[PDB]
Amino acid sequence: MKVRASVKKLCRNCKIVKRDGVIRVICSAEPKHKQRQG
Amino acid sequence: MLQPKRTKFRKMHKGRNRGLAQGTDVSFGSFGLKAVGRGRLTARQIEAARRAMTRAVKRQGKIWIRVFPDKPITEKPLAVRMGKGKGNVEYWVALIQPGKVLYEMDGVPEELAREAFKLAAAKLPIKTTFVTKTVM
Amino acid sequence: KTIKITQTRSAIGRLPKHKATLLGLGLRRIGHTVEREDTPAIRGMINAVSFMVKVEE
Amino acid sequence: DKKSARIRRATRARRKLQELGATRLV
Amino acid sequence: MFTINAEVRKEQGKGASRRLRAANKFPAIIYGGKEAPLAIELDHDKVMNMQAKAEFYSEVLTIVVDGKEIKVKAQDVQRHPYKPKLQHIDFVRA
Amino acid sequence: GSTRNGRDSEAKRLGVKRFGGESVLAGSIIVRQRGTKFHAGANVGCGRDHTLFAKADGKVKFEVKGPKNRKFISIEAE
RNA sequence: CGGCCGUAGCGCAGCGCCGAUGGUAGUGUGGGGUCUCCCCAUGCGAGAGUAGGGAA
RNA sequence: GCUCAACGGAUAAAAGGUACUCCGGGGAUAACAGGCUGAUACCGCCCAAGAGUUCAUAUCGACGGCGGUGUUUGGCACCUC
RNA sequence: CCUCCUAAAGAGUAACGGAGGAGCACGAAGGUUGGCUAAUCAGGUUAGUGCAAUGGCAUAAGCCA
RNA sequence: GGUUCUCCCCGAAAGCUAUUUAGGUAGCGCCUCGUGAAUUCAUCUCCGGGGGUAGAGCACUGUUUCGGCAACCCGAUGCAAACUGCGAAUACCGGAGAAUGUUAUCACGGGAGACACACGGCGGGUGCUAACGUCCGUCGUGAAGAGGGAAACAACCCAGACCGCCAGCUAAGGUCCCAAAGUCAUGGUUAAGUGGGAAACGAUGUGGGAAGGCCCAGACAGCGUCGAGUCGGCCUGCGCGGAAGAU
Ligand SMILES: CN(C)[C@@H]1C(O)=C(C(N)=O)C(=O)[C@@]2(O)C(O)=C3C(=O)c4c(cc5ccc(CN6CC(F)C6)cc5c4O)C[C@H]3C[C@@H]12
Ligand SMILES: CN(C)[C@@H]1C(O)=C(C(N)=O)C(=O)[C@@]2(O)C(O)=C3C(=O)c4c(cc5ccc(CN6CC(F)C6)cc5c4O)C[C@H]3C[C@@H]12
Ligand SMILES: [K+]
Ligand SMILES: [K+]
Ligand SMILES: [K+]
Ligand SMILES: [K+]
Ligand SMILES: [K+]
Ligand SMILES: [K+]
Ligand SMILES: [K+]
Ligand SMILES: [K+]
Ligand SMILES: [K+]
Ligand SMILES: [K+]
Ligand SMILES: [K+]
Ligand SMILES: [K+]
Ligand SMILES: [Mg+2]
Ligand SMILES: [Mg+2]
Ligand SMILES: [Mg+2]
Ligand SMILES: [Mg+2]
Ligand SMILES: [Mg+2]
Ligand SMILES: [Mg+2]
Ligand SMILES: [Mg+2]
Ligand SMILES: [Mg+2]
Ligand SMILES: [Mg+2]
Ligand SMILES: [Mg+2]
Ligand SMILES: [Mg+2]
Ligand SMILES: [Mg+2]
Ligand SMILES: [Mg+2]
Ligand SMILES: [Mg+2]
Ligand SMILES: [Mg+2]
Ligand SMILES: [Mg+2]
Ligand SMILES: [Mg+2]
Ligand SMILES: [Mg+2]
Ligand SMILES: [Mg+2]
Ligand SMILES: [Mg+2]
Ligand SMILES: [Mg+2]
Ligand SMILES: [Mg+2]
Ligand SMILES: [Mg+2]
Ligand SMILES: [Mg+2]
Ligand SMILES: [Mg+2]
Ligand SMILES: [Mg+2]
Ligand SMILES: [Mg+2]
Ligand SMILES: [Mg+2]
Ligand SMILES: [Mg+2]
Ligand SMILES: [Mg+2]
Ligand SMILES: [Mg+2]
Ligand SMILES: [Mg+2]
Ligand SMILES: [Mg+2]
Ligand SMILES: [Mg+2]
Ligand SMILES: [Mg+2]
Ligand SMILES: [Zn+2]
């Protein structure tokens with residue numbers, strides 16, 4: 001999990017999702033691309 | 001790093017930074033980076049932004065810097081009291097007002113200019129916007 | 001013809017020239033109403049302190 | 001030039017006579 | 001070609017002009033020829049879209065004001081300093 | 001931690017002493033100046049420090065005159 | 001000899017020069033904001049430039 | 001007849017020490033602590049040149065940018081002489 | 001003590017604010033009359049002013065007798 | 001340091017200049033008392049004035065970038081407290097005219113106090129456009145001013161307390177309960193307790209708007225199928241993350 005103020009799609013398999021008031025990047029391809037805004 | 005080669009005087013009154021900019025049109029190139037905010041741009045910031053946009057275009061096309069840092073800014077060293085004369089010149093700034101075209105670019109696709117200026121804008125303390133040359 | 005002028009706000013904290021204008025109109029306190037001749041000179045005094053008087057014409 | 005040079009030569013005295021309000025024999 | 005609908009301005013000066021632009025309009029002027037200048041107000045978004053076309057500045061335009069059709073060229077444009085907006089346009093009778 | 005500045009001279013109270021239309025007595029100074037920013041017109045003298053002064057009683061009059069568009073002060077004898 | 005002081009001077013409209021209208025900048029007073037700077041009401045309103053004038 | 005230049009000129013004529021000290025005063029004014037501030041400091045973040053065989057973002061983060069703390073070095077002299 | 005800026009288009013206006021000068025010179029470098037016109041490489045004062053800076057200066061206040 | 005009864009009227013200053021002067025003092029400024037004198041003074045309107053600030057501009061003094069011809073020169077772009085071929089608002093000086101004002105003005109004389117100012121607004125120097133910092137200009141308040149508001153809070157907002165009233169109307173600020181007054185009306189927005197601490201920057205949060213590209217010649221997604229819209233930028237309202245401190 002990357003915890004950052006700037007969360008972004010890093011590839012075409014990344015998806016932005018808001019869960020429980022938190023912006024997250026989930027990626028099916030790359031676990032390194034998983035991000036949480038914080 | 002830009003700096004006047006010579007000046008009449010070494011030190012300048014603080015002054016103020018009111019008003020809207022002169023030089024609000026893309027006058028030289030095809031595309032421009034325009035200040036939306038107000039502030040000071042240091043010579044180091046101008047250079048950091050220049051290097052960023054220049055690398056992004058891989059030295060294709062042409063870049064103009066429309067701003068020039070001609071205002072000397074003094075600072076007092078640490079552990080000195082107030083007064084005892086004005087401080088020493090440490091760096092140079094350009095005063096920026098809203099509307100000022102900061103940089104212009106020609107001889108690249110718009111898409112590449114937009115990317116180059118996005119990378120440059122991230123080096124600057126003032127909000128900016130991408131602009132294109134107009135007929136009138 | 002005459003006009004009635006009423007002071008609507010305090011003179012406290014006003015500029016010296018505004019206090020001098022109220023004196024020129026003869027207004028003494030909040031709610032004081034004076035009857036004055038309708039002349040350009042009088043209208044200019046009203047204009048100068050329009051924010052703290054009201055005209056009944 | 002001769003005329004313009006003479007006009008220059010004339011001016012000071014002429015301006016003085018106007019200052020004095022003198023009737024002038026030119 | 002380019003049909004601009006306009007109204008004659010009732011008020012002029014800074015106060016009136018800023019009120020126009022707050023209401024999504026902007027002032028303009030038609031001059032030239034011999035007839036006196038005509039101060040007009042235009043709809044902002046309409047003209048802003050028109051003048052994105054390059055031929056707005058080249059070709060003759062028609063300003064329909066109070067029913068009358070007046071043929072003009074764009075002479076000068078004052079743009080907002082940093083927003084994509086028009087402050088003022090000069091039209092010359094042509 | 002020291003300054004090489006810190007000097008100035010006394011202010012000289014130059015400028016216009018009697019403005020347009022003011023009634024003056026003969027001798028009255030109209031303007032104190034450095035050089036002839038204003039020039040002496042009718043019934044006005046120019047002193048050694050370029051002071052313009054009234055040579056007659058009357059009203060001060062400012063005028064732009066002549067080919068250099070220079071400022072002249074006169075007294076209209078009144 | 002003067003008035004006038006570039007619409008008047010140069011060159012031979014090509015320049016100088018003059019110059020609206022509108023908008024913009026600023027700003028007195030009162031009021032307001034997110035107040036390093038702005039905005040609103042009202043009054044005053046450039047400079048530059050534009051149309052035009054112009055060979056006194 | 002004055003570099004009476006400390007230039008409205010105390011006298012014609014004048015340097016220091018005191019931790020052996022002393023008096024009148026001042027928080028009108030310093031040293032401590034508090035306060036205000038946050039340049040500096042410390043911590044966090046933005047951009048991503050590049051390093052990382054390859055690959056900016058595992059790890060690191062040049063040139064520059066934005067904050068937080070009150071937390072170092074300081075500024076100020078508001079409280080207490 | 002002088003000049004400029006700070007100084008908010010009358011005057012004045014502070015700081016261990018920003019920049020420079022004076023503590024003279026000259027019996028002509030003063031008075032007046034007559035005359036004259038610069039830098040620069042055509043130009044038009046971009047020169048000059050006994051010495052700072054500012055304001056002046058062609059009718060010259062500049063240059064010569 | 002202290003300076004002892006009462007009431008009534010007026011009411012400062014914390015500035016300039018000089019000072020072996022700087023927390024002292026003197027003259028002037030500002031207070032008071034007395035006397036005398038002009039439409040003397042103020043406000044507004046109109047008229048006569050000089051500006052070189054704000055703004056602007058780039059011929060000049062400097063500075064600055066690009067191009068054409070590394071100088072000059074020509075074209076294009078900016079910058080200036082100590083630049084100005086331009087140039088306000090205001091302010092100031094003078095004149096005229098009303099109305100208003102307990103002469104509000106000036107002179108002379110008796111008596112002073114004061115010459116540590118503070119904060120706030122506006123224009124600035126200094127400092128980091130740091131300081132409840134420092135130094136000027138100017139206005140306001142405190143000082144020397146109570147009352148109401150801003151929880152509390154000299155200096156902010158409203159407002160100037162002669163005395164009495166168990167009357168009434170309002171100002172700022174308020175009206176669910178503490179706590180006086182709308183659980184008021186109509187139309188919207190917000191879901192964050194945002195409101196009620198918030199920056200670069202990040203994001204299919206959500207409202208509004210103006211254009212667009214593609215679409216029953218079948219789009220868009222998913223699997224030729226398929227059967228209605230779909231797509232992503234711009235502008236704008238309100239929110240979200242960014243957000244760690246010691247009883
Ligand atoms: C004194 N008063 C006007 C306010 C007050 O009464 C209170 C209170 N709680 O009652 C305050 O908190 C107050 O004293 C205060 O401390 C404030 C602030 O600290 C403050 C405020 C607003 C701000 C807005 C923007 C910024 C940005 N900063 C300026 C630069 F340094 C970056 C800072 C603010 C700030 O510090 C509110 C006031 C209200 C005060
Ligand atoms: C609600 N309460 C906690 C305070 C309060 O009672 C008042 C008041 N006047 O009574 C406030 O003003 C307050 O509500 C408020 O609005 C504040 C601010 O606005 C504020 C404050 C401090 C700040 C400090 C720094 C900054 C700037 N940085 C950069 C940005 F990311 C943060 C802003 C501030 C600010 O806006 C004080 C509080 C006090 C509040
Ligand atoms: K006089
Ligand atoms: K002395
Ligand atoms: K001794
Ligand atoms: K952070
Ligand atoms: K990798
Ligand atoms: K102590
Ligand atoms: K001689
Ligand atoms: K005294
Ligand atoms: K007295
Ligand atoms: K002040
Ligand atoms: K008071
Ligand atoms: K809350
Ligand atoms: Mg959970
Ligand atoms: Mg206005
Ligand atoms: Mg001086
Ligand atoms: Mg002349
Ligand atoms: Mg004009
Ligand atoms: Mg002395
Ligand atoms: Mg003792
Ligand atoms: Mg103290
Ligand atoms: Mg301490
Ligand atoms: Mg400390
Ligand atoms: Mg202090
Ligand atoms: Mg304490
Ligand atoms: Mg002055
Ligand atoms: Mg002034
Ligand atoms: Mg003073
Ligand atoms: Mg001589
Ligand atoms: Mg009293
Ligand atoms: Mg300016
Ligand atoms: Mg003293
Ligand atoms: Mg004092
Ligand atoms: Mg003071
Ligand atoms: Mg201030
Ligand atoms: Mg203070
Ligand atoms: Mg302060
Ligand atoms: Mg006291
Ligand atoms: Mg009170
Ligand atoms: Mg109270
Ligand atoms: Mg509070
Ligand atoms: Mg509060
Ligand atoms: Mg209370
Ligand atoms: Mg009621
Ligand atoms: Mg109740
Ligand atoms: Mg209800
Ligand atoms: Mg909250
Ligand atoms: Mg937030
Ligand atoms: Zn991914």
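Order of the sequence lines sets the chain letters (A, B, ...), proteins ahead of strands, with each chain counted from 1.
With rounding to the nearest 0.5 Å, the separation of OH in E/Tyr31 from CG in E/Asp90 is 3.5 Å. Note that CE of B/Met53 and CG of B/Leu102 are 8.5 Å apart. Values are rounded to the nearest 0.5 Å. Atom CD1 in E/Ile40 sits 10.0 Å away from atom CD in E/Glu7 (nearest 0.5 Å). Note: E/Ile4 CD1 to E/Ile63 CD1 = 4.5 Å, rounded to the nearest 0.5 Å.
Checked against the 6.0 Å centroid threshold, B/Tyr103 and B/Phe31 do not count as a close aromatic pair. C/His18 and C/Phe51 have their aromatic ring centers within a separation under 6.0 angstrom.
Every residue two or more places apart in sequence or in another chain that forms a ring pair (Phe, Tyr, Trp, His ring centres under 6.0 Å) with F/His39 is listed here: F/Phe72.
Contact annotation: the side chain of B/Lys11 approaches that of B/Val89 to within less than 4.5 Å [non-hydrogen atoms, C-beta and beyond]. For the pair B/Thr24/E/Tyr82, no side-chain contact is recorded, criterion being any heavy-atom separation below 4.5 Å from C-beta on.
With salt bridges taken as basic N to acidic carboxylate O contacts below 4.0 Å, none links B/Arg44 and B/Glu47. Using a 4.0 Å cut-off between a side-chain N of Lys or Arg and a carboxylate O of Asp or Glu, E/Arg19 and E/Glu11 qualify as a salt bridge. Using a cut-off of 4.0 Å between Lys/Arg side-chain N and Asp/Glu carboxylate O, C/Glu57 and C/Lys4 are scored as not salt-bridged. Between D/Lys16 and D/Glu19 there is a salt bridge, since at least one side-chain N of the basic residue sits less than 4.0 Å from a carboxylate O of the acidic one. A salt bridge does not link B/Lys133 with B/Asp25: every distance from a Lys NZ or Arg NE/NH1/NH2 to an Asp or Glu carboxylate oxygen is 4.0 Å or more. Under 4.0 Å is where a charged nitrogen must lie from a carboxylate oxygen, and between E/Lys25 and E/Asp43 no such pair does. Between F/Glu10 and F/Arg13 there is a salt bridge, with a side-chain nitrogen of the basic residue lying less than 4.0 Å from a carboxylate oxygen of the acidic one.
A pairwise comparison of heavy atoms in B/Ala121 and B/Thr128 identifies CB-OG1, 3.3 Å as the closest pair. Nearest heavy-atom pair, F/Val24 versus F/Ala54, reported as atom, atom and distance to 0.1 Å: CG2-CB, 3.8 Å. For the residue pair B/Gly32 and B/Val26, the shortest heavy atom distance occurs at N-CG2, 3.8 Å.
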For this session: Could you walk me through whether F/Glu63 and F/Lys71 pass the salt bridge (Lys or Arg N to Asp or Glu O under 4.0 Å) test, one step at a time?
Result: CA-CA 6 Å; F/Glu63 44 173 7; F/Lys71 309 182 298 295; over 6 Å; no

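Applying the 6.0 Å contact sphere to CZ of B/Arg10 captures no more than 12 heavy atoms from other residues, nucleotides or ligands.
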